[PDB]
Structures are given as C-alpha cells and as structure tokens.
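See below for the structure under consideration.
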C-alpha cells in the first residue's frame, strides 16, 4: 500500500554510505510507487525530500542518476525551486556520461523561467544540434513543455534556426516536423516554398508523411492549388510503399465525384477496400461513416453491394459490427434484404461484440433516414424495434420520437397508431413523459378525434395520478383549439370524467376550479401561453456633427471597395454614399495587425473629375480587429460638365503606436508613418435610382430636346455589342428597355433605351441604338435631365 | 503527438497499477476510476480488435494476466498506434525473457516504469520499436 | 401569520427532497391575509424574498425530477376592491428591505457552498 510516512522517516537511510544501489533504489521506488499510483502532499515535505535526496550525490552511481530524474520528473508544472541542480546539469554538460544529461534538461522545461532561460543558451543551441541522434532527441522534447509556457525564446532564432532540422534519421525526421506543426501554425507561406522541400525529397518515416498529410489535406479543402501534379505525386506516394497507413489515410478524403473524380482512384481504392475488407485495417469502419463519405451516384451504388455483404454476413469484429451499420446505411438498402437482416439482428443485437451500442448509433441513423417517414418502414421497424427489443429500444425511442417530430410526420394516424398501441404494452412511464409533452402541443391540428380521444382515455386509464394527469395537460392546447366536433362536448367532457383520491381529487377539482375561476375562453388563452436604403445611411452618418453638408442619401455605392487589399494589418473595406448634396465615404474596418493601433488617423483624398472638397475625417483611434469610422466628405457639383465621378487619392496617416495586447499602455508618444491609401473612384450608380419613365414617349424625346450628346463609333474588327454590353448594363446600373433589352445567345439588332435618375435630383437618360449592318456602327445617346450626366454617361459607361 | 491521455496498465480488477496521464485535462482519481469503470467494466478483460470510445481511439489490449489501456484519439491511425502497443508487450517479454503477469507486476514495477518513459514521454511518442531500446537499456 | 412563520421554520428545518407548487397554491386561497394587511411595494418585496428562496433552490440543477413547472398561474398568483387587488397583482408581475433580503438569500448557491465545504 501507499503512505508517505515510512519514507520521510526512512530518509535517514540517506545517512548511510553502505547502501546497495538496489537497496536504496527500492526505497526510492517506494515513494515513487505511492505516487505512480497517486499521492498528494505538502511542498515543505517535498522540499525536504529534495534536500534529503539531493544530499546524496557524490556518485555517478548510474542508477542513482536515473531515479532522481524520475523523481524530479514527477514535479514539472507544479514544481519547487530550480536552482539546486544547476551544477549537476552543468556537470553533465562538461561530463560525457552522455546518457544522463539528456533526461535532466527535459524535466526542467515545464518548470522553467526566463532568466534562467538565459542560461543554456549558447550551448543549448549547440545541444539541440548536437551529435548522435539520441542525444538530440532528448533535447527536443524538453522544449515543448516549455512551449506550453512559451518557446518563443526559441523562436526567434528561426531563419537561421530551422535549417539544422535537416535530418538523417527517419525517426528523427518524423519528429522534426511536428515541432513544425506549430512552425506551420506560425506559417503558411513558408510551407509553400517549403513544401517544395518536403515535396522536393521523398520521405523516410511513414510518420513524417502523416502529419504532412493532414496538413496537405488541410490545404486541399478549398483547393491546395493545382494539386493536379502534386496530388498526383502524392497520390503515388500515399498509394504504395511498405507502410499501409498512408494509402488509407489518403483514401478516405479523396473521393471527389458527384460527377467528379473517380478515375484511377476508384480502382486503387477498390484494391484497398477489398484488401482491408477483412480487418486488415479494422480502420475501414470509421471511414464509411464519413471520412470516406458515401451517398453514391446511381450505377455506382449497385456495385457496392458485395463488400457490404461481407461485413453484413460476417457479423463479427467490433470493427465489423460498426462497419455493417455504416456501409449498409451509406450505400442504402432494398426493403427485402432488410427482412433477412431483421431476423439476423434479432439474435445479433444484444451482445455480439456488444452490438447494442453500434446499433443505437445505427438506429439513430435509422430514425434520421426515416424519422417517421417511409412510415411503412417506420412501422415495420416499430414493430420490430419493440419486438427485438431487450429493452434497449427506449434510448433509441428518445431519438426516434424526436425524428418523427423533426419531419413533423403526417402518417401520424398510423404512426401514432403503432406508437399508441405498442407503447401500451411496451410500457415505460418515462417515454410517456416526453411524448406527452409533445403531444400536449399538437392536438387538433391533426384531427381524428374519436381515436385520439380513444387513446387519451387509455393513457389516463393507467394508474398514477401522474399518468392520468398528462392527458389533461396535453389537452389544454387541444381543448382550446377544439377539433372536428369538440367545443360543446369539450365543455361536456371534463364533467363526464371526474376524480377523487384527494390530491388526485384535487387535480380534477382544481383544474375545474381553475376552470371555475376563468371564462373558459379567456382561461384557455392565458394558461396556454432619393432617400434610399442609403438614406438610412445618410442618417447613420448623421450622429457625427463635424459636417460640412450632407443632404439625404440618393443611392449608395454599387460596390464597397476594400481600400486595403487582402488581410492587411490596416484592412479596409470602404463604402461610398451619395446624397442629393454631398457624398460621404465612410470607411469600415479592422486596423489589422495586433502590432498596431492607429491613432491620429485622418483620410486624404485628392480628386480628378469634380467635387468640392470640404474635409478628410479620420477616426480618433483604431485598435485591432475592430471597425471604427473615418470618413471623408465632399459636396457634389451637379450641372457642370464633369463634376461627381471622380477618383480620389488616398494616403493613410497615423501615428502608429505598438501594442501589448496582454495589458497594453496608451501614452501620448508614438510616431507617424503614413501608408498609401487606395483609390476611391466614384461611380454612376452610387447616385442613381434606375427606373422606368414617367413618360417615356415624351420623356424619351424630350430628354433629347434639352439634352443630348452623342458619340459614334464604327466597329470594324469585331461585330459584337458584347464588349460594349459588358461596360454599359453593368456601369450605369440601369435598366435596358422599350422591351429593348433581350437578346438570346445571339440576336440580329439591339437598342437599349435605358433608365435611372441621377443625384441632385436630375436624371440621366441613355439610348443606345446599337446598329448592325454587319459592322456595328452605333449611336449612343445620352440625354439627361442633368448636364453633368450626358458627358458622363458617354464616359461612365466605360 | 502529445497525444497520450493516459496509458494505463490496468489490472482487470479495474485496478490500475499504472497510469500516466501523459496528457490530461480531466482529473480525479475517482473520475479516473469512474471513467475507467464504465469502459473497463464493459470491456471486462475482453477488449476489441479495435475500439473507439469517445471518437477517440481506445487501444487497449489484454495479456494473459493484465489489461492494457492506452487512450488516444481516433485522429491517429491504428497501425502505428498499435505498433507501440505491440512494442510494449513484446520488448518486455523478450528483454525480461518474460512478458507481463500479475506476478511479474507484483514483484517489481520499476522496469515498466523505466521502459515507459523511454518509449513515450507524454503526448508524443518518442519511439515504438524495441531494439534501440534494448541496446540502449542495460539495467 | 402564525401559520406562515411555522411554515418558514419547518421549511428551514427540512431540506432533503420533495415537490409542491401545488402546496403553494393550496395555502394561498382565492384571497387570504398576508403581511400586516398590506405593505404594498414592501409587500411586493415580501412576496419576493419568501417565494424567491423557494425559487432559488428551484433555479438550481436536479437529480430525479420532483415536478416540471406549470406555474403559469404561478405568475398571477404571486402578483371593486377585488378588482383593484387583481390589478395590483398584475402590476407586480419596507419593500426595499424585503428585496435586499431576497437578494441575500439568492437555494442552489447555498447547496453549492455546502458541496465545496464537503470537498
């Protein structure tokens, strides 16, 4: 047995020099045992123990060197001092008992601290790197726990650091990479050029391969680029060798075919499937459940029958039993075979590797593929379920019932019919509770009153004040609703059925009394229970008051622009808003880097095609991963030729301040640097409402009358609208028209006579007669109810 | 890969005479026993070719006297995983010239212990074959 | 009030399993005397600490069920003359002191503490 006490006293054994390595070791062992089994104790005593132990250390008694390692080893994230050895670690360090040296460092590292961290370091560097593979291994492990704590101390070393990871032992080679699990956690790019290194060389450890796979895979999901050759390359690689695991590993993800890859891969897979198909890799079971997914394609499915038939047949191997349920499921089944199986199952399920659990899982799947649906099956199943039984169905029922509800099943009359009956003579009060509750809600939306009543009475029939009680409670939702005959009678019934038995009496009385207390109708009720989208933005913007004009928003942006490209530290997405008077660019964001918070932020814009520039606004502070707002404001000139479409030049200014995210500091100092700000271009669709005309005929002409500018091109290398088309529907954001829009994948002639209204109120109108002689020569008209738009449309459309 | 929840060598009296939770994040000697109980009681010296419990790989074995448990995650292939488990029986057997027994267990723990740390150390299996060991060790 | 006090005392004395909402209902009656004869908000506070305690325990987690709540009325039940009284109750659905007491009582927390002590 275990107990601390003998040992502390026994520490006086330390006092002897005549000792045998055995004798002491055992004593040492005894303490360790209590602990291996489990012990808990005071530090003081531990400390003491140390001292006591520590005390002994003249020798190199090798054995002695190990035990302590253990002992020490026992302490690592919940330690007591560090310093004591120190010398001893060094002593190894100059000292060639190679062996020993390695264990000791390793413990320290969960226990570690930064100053002390300082210690090893030149050497350490060496040490990780040093000699025989053995020693090196010892070194490695040590970090990791320190990585818990941190490890960055290490980290730093890195450009330089990795390269040594270059290996010549398999075991080792495998190992190097995980540390690279975290290395790749740190970096993706690095991998990529890296891979070409991993990719570059054929590998040693099956083990090494594996991490890569996950990774490799991980990469693949969205696509790991043109895996074609790599994937392929890999594909061999996974595919064959003398180490099975890889082939399989690859296999489970890789399918690809809903009308997709199936080529080589299905055969190879088959070689495997079959090969596995009797517990080579008892692994095979899991896969079918998802890892290697199945829900088939139609001829494909027919082919599957044989393999599943082997498992189905075999009935053995825990790995087998599971396999039977998934394979059968995934591939699906005919009715008929089920029948054979039901009998098989009849024996099987109880224990046949403890079939019941796999089966409950299987069952959970059954309830799902048919959760009261193929009700005939549901009933066949139901009969069978209850029947094959044991008892273990109940658990299943919890799921099954749930499934039926999920559908909100409709062959309830029948479904319910089975349930009702069987449950009656399939017992368990507990089920009733659940079902009651559900039923409780449902009532007269599904009618069949007499039956349902018929049932209900029965349910009550059973004793239990409690059993009885549910029929009344369910009823409240029901009663209230009434059904194909109920209200009159509903009133009659509570009367007809009535009970004593005191608290059972009370239940009748009380419900009544309760009933007594409200107008039963009431009773039931209580108990039972422009100036666009963009304008909104004009207002949203409005809470600020530094304005220099606004108006009401007319239309907003046809496209928000990320003003800082992808996943940048100062990630910007920008949205632009037009009002009848001003345009505001309000800037949406995630000052990205946790490096930074940007401060003293304002936004420069500098313009080419007019706007009067009132102000650049910036956000006061922007910390990491959190929108803040900065704005830039303009007033929109409307009656000029060239005056609201503009590109503005952006430069971000800030005083850049570093962060501690743990607990920061926010101080007046910090220094600016400025980074380029992306262009803003302003559109002819941030401003416009596309329309249909108040008066096309007239308007159409009219707009010409006052307004009209023209451009002609004659098209001699291409006889297609389409280029033009890409620029026009899309740039203007207006409607192509006069039933003069439509073109199939070809068409002889086309007119878009097109619409919307521009900001500042007045309209911008376009007629594009595209004419095909067989060259295209074309008349583009822009006509407008605003001056700035006719010149604009012709440009803007591009 | 920092992947051993524990490796335990359990008696088949549900007892555990070895456990190292290499990695752990749940506790209690009791809960450990309880957890143990559900599964052990259930497997009851019987094991499986494979067993997954918790979506997690359970590779466990039995001897002729002892029950071997490793808990890991079904998130790392059998063949290897087992290989370590295999390694555990075999080396102990050869080296000692005898594999595990209840008796064996009773006379001395240490060797197991010695081995164990060497083979595995936490949630990372540093090694899984005997030989290296065999030379390496010389106790 | 004698009865009320007795009830409270016995309740304190017990604690180790049961089930009743129904009982609550049973003491109350259609009407009944409570407090001096009225202490309004303070009286709302009165309802709040005595009932809250029952509730606090209620809020806590379970083993075997005792009874899944259907205290809808429970809610009115807690909150010309008759009509006025009803209105007051609806609105609800010395006083300050009562509220404070209820807060202090707030009995899952107590149970948790006991468990910790045992550990």
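Protein chains in written order, with PDB author numbering: chain G, 21 to 549, 606 to 874; chain Z, 10 to 148; chain B, 485 to 563, 568 to 581, 596 to 608, 624 to 636.
Built from N, CA and C at the ideal position, the CB exists for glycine as well.
- Residues of chain B with a Cβ closer than 9 Å to the Cβ of residue 493 of chain G are, in chain order, 554.
- Residue 654 of chain G and residue 624 of chain G have their alpha carbons spaced roughly 14 Å apart.
- For residue 790 of chain G, the uninterrupted beta strand (DSSP E) segment begins and ends at 785-791.
- Between the region 715-725 of chain G and the region 666-677 of chain G, the count of C-beta pairs closer than 8 Å stays below three; the two stretches do not touch.
- Counting only residues of its own chain and dropping the five nearest sequence neighbours on each side, residue 228 of chain G has a CB closer than 6 Å to the CB of 193, 194, 197.
- Sequence-distant partners of residue 746 of chain G (beyond 5 residues in either direction) whose C-beta falls short of 7 Å from its own C-beta, in its chain, are 675, 731, 732, 733.
- Under the rule that a run must span 3 or more residues, the beta strand (DSSP E) segments found entirely inside the region 645-674 of chain G read 646-655, 658-667.
- Of the residues Z:62, Z:138, Z:125, the one whose Cα lies closest to the Cα of residue 378 of chain G is Z:62.
- In summary, residue 534 of chain B is buried, with 16 or more beta-carbon neighbours lying within 10 Å of its beta-carbon over all protein chains present.
- Counting along the chain, no beta strand (DSSP E) covers residue 95 of chain G, and no H or E run does either.
- Under DSSP, residue 812 of chain G forms a beta bridge with G:830.
- At a Cβ-Cβ threshold of 7 Å, residue 862 of chain G and residue 838 of chain G count as neighbours.
- Secondary structure of residue 142 of chain G (DSSP, three-state): helix.
- In the same chain as residue 122 of chain G, and ignoring 5 residues on each side of it, the C-beta atoms closer than 8 Å to its own belong to 154, 155, 157, 158, 159, in chain order.
- For residue 393 of chain G, the secondary structure class from DSSP, reduced to helix, strand or coil, is coil.
- By the rule that beta-carbons nearer than 7 Å mark a contact, residue 66 of chain G does not touch chain Z.
- Annotated three-state conformation of residue 334 of chain G is helix, per DSSP.
- For the region 40-67 of chain Z, the residues whose beta carbon sits under 8 Å from a beta carbon of chain G are, in order, 51, 57, 58, 59, 60, 61.
- Within the same chain, 327 come within 7 Å of residue 293 of chain G by CB-CB distance, once the 5 residues on both sides are set aside.
- Annotation: residue 63 of chain G to residue 100 of chain G spans about 7 Å, alpha carbon to alpha carbon.
- Listed along chain G, no residue sits closer than 9 Å to residue 77 of chain Z by beta-carbon distance, the nearest being about 16 Å off.
- Per DSSP, reduced to three states, the secondary structure at residue 807 of chain G is helical.
- For residue 845 of chain G, the three-state secondary structure derived from DSSP is strand.
- For the region 356-387 of chain G, residues whose beta-carbon sits nearer than 8 Å to a beta-carbon of chain Z comprise 373, 374.
- Residues 493, 494, 497 of the same chain have their beta carbon placed closer than 7 Å to that of residue 460 of chain G, with the five preceding and five following residues left out of the count.
- Looking only at G:806, G:785, G:830, the smallest Cα-Cα distance to residue 867 of chain G is reached by G:785.
- Pairing residue 738 of chain G with residue 700 of chain G gives a Cβ-Cβ distance that is not under 7 Å.
- For the pair residue 149 of chain G and residue 184 of chain G, the CB atoms are nearer than the 7 Å cut-off.
- Where residue 19 of chain Z is concerned, the enclosing beta strand (DSSP E) starts and stops at 15-19.
- At a cut-off of 7 Å between beta carbons, residue 547 of chain G contacts chain B.
- For the C-beta of residue 10 of chain Z, the chain G residues within less than 9 Å are, from N- to C-terminus, 198, 201, 231.
- Among the residues facing chain G, residue 38 of chain Z is included, as its CB has a counterpart in that chain under 7 Å away.
- Burial state of residue 270 of chain G is buried, judged by a 10 Å Cβ sphere holding 16 or more other Cβ atoms.
- For residue 31 of chain Z, the secondary structure class from DSSP, reduced to helix, strand or coil, is coil.
- Of all alpha-carbon atoms in G:263, G:608, G:547, the one lying nearest the alpha-carbon of residue 555 of chain B is that of G:547.
- Going by DSSP, residue 707 of chain G is part of the beta strand (DSSP E) stretching over 706-711.
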